[PDB]
Every structure is written in structure tokens, then in C-alpha cells.
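First comes the structure, then the notes that go with it.
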Amino acid sequence: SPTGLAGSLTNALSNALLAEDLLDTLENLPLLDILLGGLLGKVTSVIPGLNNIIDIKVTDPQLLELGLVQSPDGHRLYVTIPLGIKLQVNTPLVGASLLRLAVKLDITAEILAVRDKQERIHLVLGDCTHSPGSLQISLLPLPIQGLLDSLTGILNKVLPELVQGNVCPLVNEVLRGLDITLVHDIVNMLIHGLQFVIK
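Per the authors' numbering: the sequence shown = residues 43 to 77, 88 to 192, 197 to 255.
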């Protein structure tokens, strides 16, 4: 089980994210709510209608194995966080299954060490974004295509930033809380541009 920094880093990050309930965060995404044609929305709220009429359940929260890359100059790290969820598109009113979807996405987190004016070194989360072009949607009686088009269209434009804004704060929290010695050895080796991530 004991190993060098890179391996300790990815295991420590994985455990910590899960222990901060990453999988509840994913499960609880306000996917629906953050959302003519647009008059229709105003209509169904003026009538005692059963709402919305559409509902989306997020299930099957999944964190996959972290990946890790160190920059050429050895000063910076990039952690890839591969995430997976299932979306179940239901209509309450008829009360039936419309769609089940698998979605997969990557967060990239940029880790660097930087030295303040008083010779101290800090572990800093630099960038933290959805990885462009990493979104993947996959369909798991009725013609249903209608949905699956302005639904993968919505998801394309809405899901990355929602996940990013939900998962990156967690990533920030897990960095601050790493083992003190694992932090100190990692900042010491990035700041002196010494390679340790092997591949």
C-alpha cells in the first residue's frame, strides 16, 4: 500500500472527495431548476397544474479513478476527475418513464505551488473547469426522440457548468485538508520543478 507522492495524492484525493459526500452533491444537482416557447413555462404555474410537467431524477452517482499529469517544467499538476450519473426523465401527470440517460463528464483541477513574499510556499488550486468536449450522453415504446434532442441540447449547455460549480468547491476543500506532510513534500517538489508523476 505505501507509495510515492503521486499515488498518495490520487488516493488521498479520492477518499476525501467521497468523504465530503461528492456522490450526494452529484445526486442533488439542481439540473431542472436552473432552467415562445417560454410562455409555456408561465402557463403551467398559473393553472393548478401538476407541475412541471417534466421531472428529472439524478441517480447512480459515480466517481471513477483519478488521473494525474505533471507539467513539463514540473511546477504544476493536473488532476482529472471522471464523474458519472444516470438521468431518469419522468412525466408526472401521465406518470410514466420517458427517458433514462447515462451521462459522463470530466473535471480538471489545476494544482500549483506558489511562494509568497515571506518565503512560504502555498498549495493553490489554480484553474478548475469542466474539461472541454468531455460531456457524453447515452440513451439507456413512445417516439421519445423529440425529447432526446432539445434534452441533450440543454444538457450540453447547462450540465458542465453546473457540475463544475458544484464539484470544484469540494475540490478546493479537499486540497486544504490533505495530510500536512503530503502537502509539504508535494509543494516542495513542485516549487523546485522536480518530476514525480510517472508517465
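All C-beta atoms in this analysis are idealised placements derived from N, C-alpha and C, irrespective of residue type, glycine included.
query, result
"CB-CB under 7 Å to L102, same chain, minus the five flanking residues each way: which ones, in chain order?", "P144, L145"
"Is it the case that the stretch 236-252 contacts the stretch 198-213, given that we only count it when at least three CB pairs across the two stretches are under 8 Å?", "no"
"How close, in whole Å, do the beta carbons of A161 and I133 come, if the pair is a contact with beta carbons under 8 Å?", "7 Å"
"Opposite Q201 in the DSSP bridges: which residues?", "Answer is none; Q201 lacks a bridge partner."
"So does the stretch 48-66 actually touch the stretch 234-243, counting three or more Cβ pairs closer than 8 Å?", "yes"
"Just list the residues that DSSP pairs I163 with in beta bridges.", "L129, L177"
"Locate the alpha helix (DSSP H) running through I99, then write down its first and last residues.", "Here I99 belongs to no alpha helix (DSSP H), and DSSP marks it neither H nor E."
"List the residues that DSSP assigns as beta-bridge partners of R152.", "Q140"
"What are the boundary residues of the alpha helix (DSSP H) that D66 is part of?", "64-69"
"Taking 8 Å as the CB-CB cut-off, is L215 touching chain B?", "Absent from the structure: chain B. Only one protein chain is present."
"CA-CA distance, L59 and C180?", "15 Å"
"When burial is assigned at 16 or more other CB atoms within 10 Å of the CB, is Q122 buried or exposed?", "buried"
"Let me confirm a value: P184 is counted as buried when at least 16 other C-beta atoms fall within 10 Å, else exposed. Which label applies?", "exposed"
"Give a yes or no on whether the C-beta atoms belonging to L203 and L139 are separated by under 8 Å.", "no"
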